[PDB]
Every structure is written in structure tokens, then in C-alpha cells.
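Here, residue 1 is the first one in the sequence, and each next residue gets the next number. When reading the values below, keep in mind they use all heavy atoms of this one structure, side chains included, and skip hydrogens, waters and symmetry mates.
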Amino acid sequence: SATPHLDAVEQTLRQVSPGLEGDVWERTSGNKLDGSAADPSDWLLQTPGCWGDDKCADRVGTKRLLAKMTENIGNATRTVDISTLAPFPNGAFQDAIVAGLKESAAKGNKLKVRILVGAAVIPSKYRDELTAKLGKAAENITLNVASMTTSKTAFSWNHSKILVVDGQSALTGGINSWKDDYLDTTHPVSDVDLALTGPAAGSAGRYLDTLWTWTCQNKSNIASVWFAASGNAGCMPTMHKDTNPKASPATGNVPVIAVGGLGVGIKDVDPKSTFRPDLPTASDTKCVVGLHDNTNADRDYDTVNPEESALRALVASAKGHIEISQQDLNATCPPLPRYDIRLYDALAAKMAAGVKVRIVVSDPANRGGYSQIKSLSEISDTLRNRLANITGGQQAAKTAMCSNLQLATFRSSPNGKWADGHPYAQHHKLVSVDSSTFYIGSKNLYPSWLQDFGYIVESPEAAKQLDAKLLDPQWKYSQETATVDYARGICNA
Ligand code: WO5
């Protein structure tokens with residue numbers, strides 16, 4: 001196979017969540033990473049993209065992200081489908097959406113549009129604001145806007161950040177459309193989306209139909225859903241299926257696995273799954289005895305959240321090296337368990353076999369929204385303890401870890417903080433293996449029980465562009481904070 005990593009992941013997903021294939025996860029061929037002729041790596045919609053400069057003067061990343069949002073929407077002929085985490089898009093994010101919608105309306109197109117947010121008056125106000133800003137272009141648009149909560153007790157609601165146009169183009173990643181955190185600030189959050197086209201955009205459209213089908217079903221229950229539409233328009237549970245081809249056109253040669261999760265409160269189990277996991281044991285992840293742990297001790301939860309298993313399978317597929325860039329690997333407990341045991345066990349299995357692991361997280365000084373640990377020791381201790389189970393003791397665990405781990409906090413320039421004195425915040429949900437296959441999406445590696453979505457792309461060419469444009473500049477500046485770095489013999493943990 002040309003695609004050993006996807007092959008492995010796909011075999012896992014089909015055992016975990018067979019009934020969700022097509023809708024919540026899906027393998028496709030024939031896609032394209034959607035970069036420009038001039039800078040073919042600029043499918044990689046990183047922000048801010050001001051490497052080396054503690055003042056972030058030239059934000060080539062941000063500029064390209066907003067331009068690409070506008071360009072994709074402006075090319076719509078039928079549908080625009082947006083999900084994010086509340087608040088609703090504002091600032092220049094909202095401006096980009098408005099500009100795109102006006103452009104499409106001026107090219108003669110009549111559009112259906114869905115905008116869905118997860119959250120803990122807002123929707124109708126956002127609809128009205130958008131409608132006002134569109135002017136005459138609003139006459140062309142059938143709009144649905146909604147906020148939703150699927151479980152109050154599991155803190156479950158939409159967390160995906162997706163923009164799909166005509167079922168053909170898709171932008172997704174970790175970026176919320178929040179002007180204060182990303183744009184109008186001298187300490188912008190560092191994050192990444194990707195832009196693709198092809199059948200894998202269809203996959204995202206079918207994922208969004210899954211969420212909207214639940215949302216429209218629950219639209220009269222105020223505790224669950226707040227819905228607003230333009231004119232006399234109804235809720236559109238299946239806009240994608242109804243408006244776009246099931247057979248999405250091919251655009252390139254890139255193979256992709258789309259994968260998401262349904263969180264808690266949409267669907268409790270995949271009734272088709274016969275998955276029978278070995279559930280790891282004995283860790284110190286559950287800080288309190290009362291907590292129900294969906295991440296580590298709920299088989300049914302896995303079957304409706306294939307993304308957790310997909311990310312653990314991506315790690316397990318690595319033959320040489322794994323790079324992980326996250327806000328955090330660990331969650332705040334309560335209400336969540338501190339870590340995903342199976343993920344740390346998969347990383348430990350890899351280091352024990354000499355596969356190199358790099359983890360870069362957000363500076364704990366953020367705490368200090370954008371960090372959930374006090375110290376990198378909270379990561380290294382856990383990896384060491386899980387390594388001890390398979391290397392025969394704590395000493396052999398520490399040696400394996402020091403010979404195979406790079407663990408650090410993020411910086412984007414030579415300075416320990418931004419020039420304005422605020423720590424760098426990082427929010428990527430990024431995993432790359434073997435300079436071959438990578439995940440970009442909204443699903444954090446720390447325990448979380450939300451509706452999420454992302455893509456796993458197997459393309460050494462694209463993975464090399466990801467190295468040059470993101471992971472290499474990240475390590476260049478971030479390596480100075482490392483507590484463990486096998487490449488320089490640092491072992492302070
Ligand atoms: O949008 W998210 O965990 O990646 O709530 O900060």
C-alpha cells in the first residue's frame with residue numbers, strides 16, 4: 001500500500017463504529033489540499049503566521065486565513081455550512097463571511113446557509129445582524145442559525161469548527177471565529193486550519209447533516225436548542241444531502257479519512273458495533289470516585305466517538321517519529337478525567353520501541369483558558385508511569401523516555417513571551433507521523449466529550465510542507481523550553 005497509515009486507521013474505525021461509516025467518519029480518495037499556485041503550502045491555514053517576530057507585525061497566516069474564507073464563500077453556488085463554538089463569528093471573521101455571501105449573491109446565486117454553534121436571544125440577534133449587513137444580498141439567502149447543548153451533565157455541545165461550501169470545499173481545524181483572541185491583539189493565539197476540496201468536503205457535509213438532524217429534532221426544547229431562520233424558512237436537517245451531490249467531484253489525488261464524534265446526548269451507542277475493547281487499567285486519571293469516565297471506561301461512548309480511537313490509531317501507525325501540537329494533553333479534573341490512558345499507553349509503546357515522540361503544549365503561564373496544567377511534569381510523569389508497565393520499572397521507564405521524547409512549551413520567536421508581555425497561547429489540534437500522515441481538526445487529545453471533527457491526510461508531500469511551514473519553525477523557537485529533548489541529551493523530569 002501507498003497508504004499504510006490510513007489503512008490501519010480505517011481498519012480500526014470499521015471495528016469501532018461500522019454504523020457511522022459515511023456520516024461520522026469516512027475514507028475518500030481524489031481530494032486536493034487547496035493551496036495557491038504561488039505558495040502551494042498555503043492550504044495550511046495557520047494563524048498568525050508571524051514566525052520570528054515577538055511583535056507579530058506581518059501576519060501572513062491571518063491574512064491568508066481570512067482571504068480564503070472569503071474566496072471559498074464567494075465561490076458558493078448552492079450551500080454554505082458553518083459550525084463553530086460560541087460566540088458566533090465576529091470582527092473580521094464575520095466580515096469575511098458577509099463579503100463572501102455578497103460576492104456569491106452578485107454572481108446570481110441563491111444560497112442555503114446553516115450556522116451552528118455549541119454553547120453552555122443570541123441566535124435571533126446574530127441572524128438579524130447578518131441580515132442587516134447583507135442588505136439586498138439577503139433576498140438571495142435562506143438562513144438557519146442555532147445554538148445547541150446535547151448534554152448539560154457531560155458538558156456536551158458542538159466544538160467542531162467547519163466551513164463547507166457546496167459540499168465541495170472545506171476549511172476545518174482548531175480556529176474559533178473570535179476576534180479578541182485571534183485578531184485584534186498583540187498576543188494572538190497560534191492555531192491552524194486546513195483547506196481542501198473534493199469528496200472529503202462531502203464527508204463534512206454529511207457530518208453537519210448529522211448534527212442538524214438532531215438539532216432540528218430538538219428545536220422546540222429551549223434547554224437544548226435556540227433556533228432562528230430567515231423569513232418563513234424551516235429548519236434544514238439535511239441541507240447537504242438534499243442540495244449537493246452524494247458523488248462529490250474529484251479534485252486531486254489525496255486520500256483522506258474524515259472523522260468526528262457525537263459527544264454525549266445525541267446517540268448513546270452504534271447498534272451495529274461489536275467492538276470489544278481491552279480497557280486499560282489502574283491509572284490515576286480519575287481525580288474524584290464519583291465521576292463517570294467516558295474517555296477511559298465507556299465502551300458505548302467510543303462507538304459514537306470514533307475520533308478518539310482514530311487519533312490513538314494514528315499514533316500506533318508511526319514507524320519513525322510522531323509530532324503532537326496541542327493546547328494540552330491533560331484536562332482539568334473534575335469534571336473530566338485528567339488524561340486518556342489508551343493514548344498515553346500508545347505513546348509509551350512507541351517510545352519503548354524507539355519511535356521518537358515530540359509534544360509541544362501551551363505555556364502553563366496562560367492559566368495563569370489556554371492551559372490546563374501547572375507544569376510539563378504532569379505530562380512526563382504520566383508517560384514515565386505508563387512506560388514503567390512495559391519496560392519493567394521506573395528506571396528503565398525514565399531511560400526510554402529520555403532517549404525518545406521531546407517535551408516543551410510553545411514559542412514563536414526567540415522571546416519567552418510576546419513583546420507585549422503576555423505568554424504565547426497555542427490551540428492547535430495537530431498530530432503528524434512519519435512526515436507522511438497528519439490530523440488537523442477540532443478534536444483535542446485531552447479528555448473532552450464534545451461533538452468534534454477533523455481530517456487525517458496521508459500525503460508525504462503535504463506533510464513535508466507542514467514540516468517546513470509549521471512544525472520546523474515551532475521546534476526552532478520552542479526547543480528552548482524543553483524539559484526533555486533526546487536530540488540534545490536533556491533529561492530534566
Ligand atoms: O474551542 W476549544 O477546547 O479547542 O473549547 O478552546
Side-chain angles (χ1 to χ4, degrees), residues 1 3-31 150-151 154 156 158-160 162 167 170 172 198-214 217 237-238 240-241 246-248 255-280 293-317 340-343 345-346 431 437 439 441-443 448-458:
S1 195
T3 59
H5 302 88
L6 295 184
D7 287 358
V9 172
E10 176 178 27
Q11 288 203 328
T12 293
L13 297 188
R14 191 162 300 111
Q15 291 186 109
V16 176
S17 306
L20 297 186
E21 183 171 6
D23 294 301
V24 182
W25 74 270
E26 184 175 39
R27 179 166 180 163
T28 59
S29 68
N31 300 289
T150 62
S151 181
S156 192
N158 182 62
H159 182 263
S160 68
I162 312 173
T172 200
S203 306
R206 279 183 284 289
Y207 175 79
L208 287 171
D209 275 1
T210 306
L211 298 192
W212 271 99
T213 285
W214 180 90
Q217 286 163 349
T238 54
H240 180 80
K241 173 182 175 184
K246 185 185 173 162
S248 275
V256 174
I257 292 172
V259 61
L262 297 178
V264 180
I266 295 179
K267 175 172 189 182
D268 57 81
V269 63
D270 170 13
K272 315 309 182 149
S273 181
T274 56
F275 175 54
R276 289 317 162 177
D278 267 47
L279 302 176
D293 186 341
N294 294 127
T295 298
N296 301 306
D298 196 310
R299 175 265 185 192
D300 285 2
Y301 173 94
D302 281 307
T303 74
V304 291
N305 286 281
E307 59 189 355
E308 266 92 339
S309 290
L311 288 158
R312 295 191 294 244
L314 175 63
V315 166
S317 78
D340 182 329
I341 301 163
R342 283 175 287 183
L343 171 68
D345 276 345
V431 177
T437 302
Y439 175 90
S442 69
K443 182 54 168 172
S448 42
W449 302 335
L450 316 166
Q451 295 82 45
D452 274 308
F453 184 82
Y455 294 115
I456 302 173
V457 174
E458 181 149 17

Do [X] side-chain atoms and [Y] backbone N/O form a donor-acceptor pair below 3.5 Å?
X: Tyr207; Y: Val259; result: no
X: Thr150; Y: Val264; result: yes
X: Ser151; Y: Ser156; result: no
X: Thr303; Y: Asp270; result: yes
X: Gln451; Y: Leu262; result: yes
X: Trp25; Y: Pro306; result: no
X: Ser248; Y: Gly198; result: no
X: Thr213; Y: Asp209; result: yes
X: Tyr455; Y: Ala200; result: yes
X: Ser160; Y: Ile162; result: no

Could you check if a side-chain atom of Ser273 sits within less than 4.5 angstrom of a side-chain atom of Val16, using non-hydrogen atoms only? no
Within the structure provided, determine whether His240 and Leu208 are in side-chain contact (heavy-atom separation under 4.5 Å). no
Please check if any side-chain donor atom of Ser309 sits under 3.5 Å from a side-chain acceptor atom of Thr12, or the reverse. no
Taking atom types as modelled and ignoring hydrogens, do the side chains of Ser442 and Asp452 form a donor-acceptor contact shorter than 3.5 angstrom? yes
Here the salt bridge (charged side-chain N to carboxylate O under 4.0 Å, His left out) pairs for residues 297-307, sequence neighbours left out, are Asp302-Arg312, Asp302-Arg342
For the residue pair [X] and [Y], what are the closest heavy atoms and their distance?
X: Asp7; Y: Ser1; answer: OD2-OG, 2.6 Å
X: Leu279; Y: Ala297; answer: CD1-CA, 4.4 Å
X: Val304; Y: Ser17; answer: N-OG, 4.4 Å

Rounded to the nearest 0.5 Å, how far does CG of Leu211 lie from CD1 of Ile266? 5.0 Å
Drop me the distance from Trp449's CH2 to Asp293's CG, to the nearest 0.5 angstrom. 6.0 Å
Test side-chain hydrogen bond (donor to acceptor under 3.5 Å, both in side chains) applied to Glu458 - qualifying residues, sequence neighbours left out: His5, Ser436, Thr437
Counting neighbours of NZ on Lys267 that are heavy atoms of other residues, nucleotides or ligands and sit closer than 6.0 Å, is the number greater than 12? yes
Between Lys443 and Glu308 (salt bridge meaning N to carboxylate O under 4.0 Å), is one present in this structure? yes
